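**Student:** build me a model from this:
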Amino acid sequence: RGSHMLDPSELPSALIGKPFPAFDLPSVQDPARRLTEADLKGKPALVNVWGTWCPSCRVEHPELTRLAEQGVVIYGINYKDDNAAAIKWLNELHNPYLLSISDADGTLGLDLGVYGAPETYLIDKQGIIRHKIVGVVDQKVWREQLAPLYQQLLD
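**Tutor:** Numbering: from 1, shown residues only. Shown next is the structure:
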């Protein structure tokens, strides 16, 4: 395999200081209920990109719950997934997400620079992106890579 370069939008630094991309998408649990980027505003928060196709996302789930238990607001982007399967996941396991955005065609992921899962965006209360983690967030990642910035956004 020859070299393959990710495009600039997929770099963790790409959307730093930029507003969360605009979108109008159905919620996972109710397709008649519509969500937009305005629903992400108000509190500093994580935006976690996940899919039922994603074994790493299954593994990350207990950590996301652990953060939610400590009052961390987490919104979920269900990316290019089976909706029925996604609803099951949100039922069978312990939903840490305050909102579950159905991004079935990946157009929101497209604007975010998403190229798999899990990926986690830290946003401020204005919905401006402040950090991006590619791959599983564990205690260590949270403690070192997110926690310090998240604390600043609360203050």
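**Student:** pull up the pairing partners for the stretch of helix or strand residue 76 belongs to, direction included.
**Tutor:** Here residue 76 is covered by strand 73-79, with elements defined by DSSP states H and E. Based on DSSP bridges, the pairing partners of strand 73-79 within the sheet are strand 45-50 (parallel), strand 99-103 (parallel).
**Student:** so which bits of the shortest one are buried?
**Tutor:** If you call a residue buried by 16 or more other C-beta atoms under 10 Å, then strand 99-103 has these buried ones: 99-103. All C-beta spots, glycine's among them, are computed from the backbone N, C-alpha and C.
**Student:** again with stretch 3-17
**Tutor:** For stretch 3-17, the neighbour count (16+ other C-beta under 10 Å) marks 10, 15 as buried.
**Student:** now the helices for this structure?
**Tutor:** 55-69, 83-92, 107-112, 139-141, 147-154 (DSSP state H).
**Student:** who does the residue most central in space within the chain form a beta bridge with?
**Tutor:** Computing the C-alpha centroid of the chain and ranking residues by C-alpha atoms, centre = their mean puts residue 48 first, at 1.8 Å. Applying DSSP bridges to residue 48 yields these beta-bridge partners: residue 76, residue 120.
**Student:** let me know whether it touches residue 120 as I believe.
**Tutor:** Yes. Assessed by C-beta atoms under 8 Å, residue 48 is found in contact with residue 120 at 5.0 Å.
**Student:** overlap of the contact sets of these two?
**Tutor:** In the contact map built from C-beta atoms under 8 Å, 6 or more residues apart in numbering, the residues linked to both residue 48 and residue 120 are residue 137.
**Student:** so for residue 150, which of the strands paired with strand 73-79 sits nearest?
**Tutor:** Evaluated over these, closeness to residue 150 peaks at strand 45-50, with 8.1 Å, by C-beta to C-beta.
**Student:** can I get that closest one as PDB, trimmed to CA atoms?
**Tutor:** Extracted as PDB, the C-alpha positions of strand 45-50 are listed here (Å, rounded to 0.1, in the frame of the first residue of the first chain):
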ATOM      1  CA  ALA A  45     -19.900  19.300  26.000                       C
ATOM      2  CA  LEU A  46     -18.500  16.300  24.200                       C
ATOM      3  CA  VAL A  47     -19.900  15.400  20.800                       C
ATOM      4  CA  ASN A  48     -19.100  11.700  20.300                       C
ATOM      5  CA  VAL A  49     -19.300  10.100  16.800                       C
ATOM      6  CA  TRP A  50     -20.300   6.400  17.000                       C
END
